[PDB]
Amino acid sequence: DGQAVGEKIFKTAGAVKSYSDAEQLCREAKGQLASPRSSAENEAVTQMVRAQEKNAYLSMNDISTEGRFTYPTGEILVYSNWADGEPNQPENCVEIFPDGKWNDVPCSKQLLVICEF
Ligand SMILES: CC(=O)N[C@H]1[C@@H](OP(=O)(O)O)O[C@H](CO)[C@@H](O)[C@@H]1O
Ligand SMILES: [Ca+2]
Ligand SMILES: [Ca+2]
């Protein structure tokens, strides 16, 4: 099961992984990391973070061009919800808090894995 918005479904099994291991888990499940593209999608992800009591990865990262956060397509963000002062070792990946706000993090951080389908 999971939380859905339109045709998109977010799911978690409570796994906690680094960014690379999280990406591999979602891809092997034939999805991808949570990529909220709207307020409504962000709120669905946030509900799951609050339930699990653990910040989650989003898919987006700036590994290609520093400060330009992109999806796995390489396209620039169409929506963001940065915490105050964010984006503030390098922090190339993105976590979502239980208040729904985002923070850039080192990609070695171990976070909740939420996939989208
Ligand atoms: C690993 C991690 O999440 N670090 C966070 C965290 O860093 P500090 O070590 O607590 O200053 O809070 C910062 C905001 O004050 C945030 O920008 C940063 O990404
Ligand atoms: Ca960065
Ligand atoms: Ca940060």
Side-chain angles (χ1 to χ4, degrees):
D1 206 1
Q3 298 293 337
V5 177
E7 292 172 282
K8 180 175 291 188
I9 314 152
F10 298 106
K11 305 188 175 181
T12 188
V16 174
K17 297 184 179 293
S18 67
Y19 180 75
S20 59
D21 287 347
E23 184 282 330
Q24 181 176 359
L25 183 68
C26 295
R27 175 161 44 72
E28 290 182 347
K30 303 181 170 174
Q32 70 178 15
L33 282 165
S35 302
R37 291 170 60 79
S38 69
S39 295
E41 288 189 0
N42 200 76
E43 294 154 12
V45 177
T46 300
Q47 185 176 334
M48 300 172 65
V49 172
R50 287 193 314 260
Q52 295 299 318
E53 305 168 5
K54 188 76 183 192
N55 300 347
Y57 272 114
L58 306 183
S59 70
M60 300 86 80
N61 72 52
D62 68 345
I63 72 144
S64 277
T65 300
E66 174 67 25
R68 261 185 59 208
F69 285 86
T70 63
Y71 305 114
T73 58
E75 293 292 338
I76 193 63
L77 304 183
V78 299
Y79 169 80
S80 65
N81 200 35
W82 297 113
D84 292 352
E86 301 299 337
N88 67 313
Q89 64 195 319
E91 299 194 312
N92 300 312
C93 287
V94 181
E95 73 185 344
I96 181 168
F97 296 161
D99 74 356
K101 298 290 177 180
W102 305 356
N103 170 47
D104 60 340
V105 294
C107 300
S108 59
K109 195 175 187 182
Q110 299 262 332
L111 296 174
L112 180 66
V113 183
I114 300 175
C115 306
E116 63 176 42
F117 305 90

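Positions are given from 1 along the sequence. Whatever order the structure lists ligands and atoms in, that order sets their numbers, starting from 1. For the numbers below, each heavy atom of this structure counts, side chains included, while hydrogens, waters and symmetry mates do not.
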Subject >> Near-ring test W102/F69, centroid separation under 6.0 angstrom >> reply: no
**OP:** Find all atoms of ligand 1 within a distance of less than 4.0 Å from any non-hydrogen atom belonging to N88, and give their numbers and elements.
**Re:** 17 (O)
Subject >> Protein heavy atom under 4.0 Å of atom 10 (O) of ligand 1 >> reply: no
**OP:** Return the residue, atom name and 0.1 Å-rounded distance of the protein heavy atom closest to atom 2 (C) of ligand 1.
**Re:** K109 NZ, 3.8 Å
**OP:** Please confirm whether the backbone N or O of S20 pairs with a side-chain atom of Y57, one donor and one acceptor, at under 3.5 Å?
**Re:** no
Original post:
Do side-chain atoms of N81 reach the backbone of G100 as a donor and acceptor pair under 3.5 angstrom?
Top reply: yes
Subject >> Sub-4.0 Å protein heavy atom next to atom 15 (O) of ligand 1 >> reply: no
**OP:** Around atom 5 (C) of ligand 1, find the nearest protein heavy atom and jot down its residue, atom name and distance.
**Re:** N103 ND2, 3.7 Å
Original post:
Are any non-hydrogen side-chain atoms of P72 and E23 less than 4.5 angstrom apart?
Top reply: no
Original post:
Do you know which N/O/S atom name in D62 is closest to the Ca ion (ligand 2)?
Top reply: OD2
**OP:** Just jot down the ligand 1 atoms closer than 4.0 angstrom to any heavy atom of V105, in number order.
**Re:** 3 (O)
Original post:
For the Ca ion (ligand 3), how many protein N, O or S atoms lie at less than 3.0 Å?
Top reply: 6
Subject >> ligand 1 atoms in contact with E95 (distance to a heavy atom under 4.0 Å) >> reply: 3 (O)
**OP:** State the atoms of ligand 1, each with its element, that fall below the 4.0 Å cut-off from a heavy-atom position in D104.
**Re:** 19 (O)
Original post:
In ligand 1, which numbered atoms sit nearer than 4.0 Å to a non-hydrogen atom of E86?
Top reply: 13 (C), 14 (C), 16 (C), 17 (O)
**OP:** Report yes or no: is the cationic atom of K11 (NZ for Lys, CZ for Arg) under 6.0 Å from the centre of the six-membered ring of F117, at an angle within 45° of the ring normal?
**Re:** yes
Original post:
For the residue pair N55 and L111, what are the closest heavy atoms and their distance?
Top reply: O-CB, 3.5 Å
Original post:
Would you say the side chain of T65 lies within less than 4.5 Å of the side chain of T70, judging by non-hydrogen atoms?
Top reply: no
Subject >> Nearest protein heavy atom with distance in Å, relative to atom 1 (C) of ligand 1 >> reply: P106 CD, 3.8 Å
Original post:
Between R37 and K8, is any pair of side-chain heavy atoms under 4.5 Å apart?
Top reply: yes
Original post:
For the side chain of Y19 and the backbone of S59, is there at least one donor-acceptor N/O pair under 3.5 Å apart?
Top reply: yes
**OP:** Could I get the full list of salt bridge (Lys or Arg N to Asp or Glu O under 4.0 Å) partners for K54, not counting sequence neighbours?
**Re:** none
**OP:** State whether the side chain of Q3 and the backbone N or O of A44 hold a donor-acceptor pair below 3.5 Å, judged by distance alone.
**Re:** no
Original post:
Donor-acceptor pair, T12 side chain versus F10 backbone, under 3.5 Å?
Top reply: no
Subject >> Shortest protein heavy-atom distance from atom 4 (N) of ligand 1, along with the residue and atom involved >> reply: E91 OE2, 3.7 Å
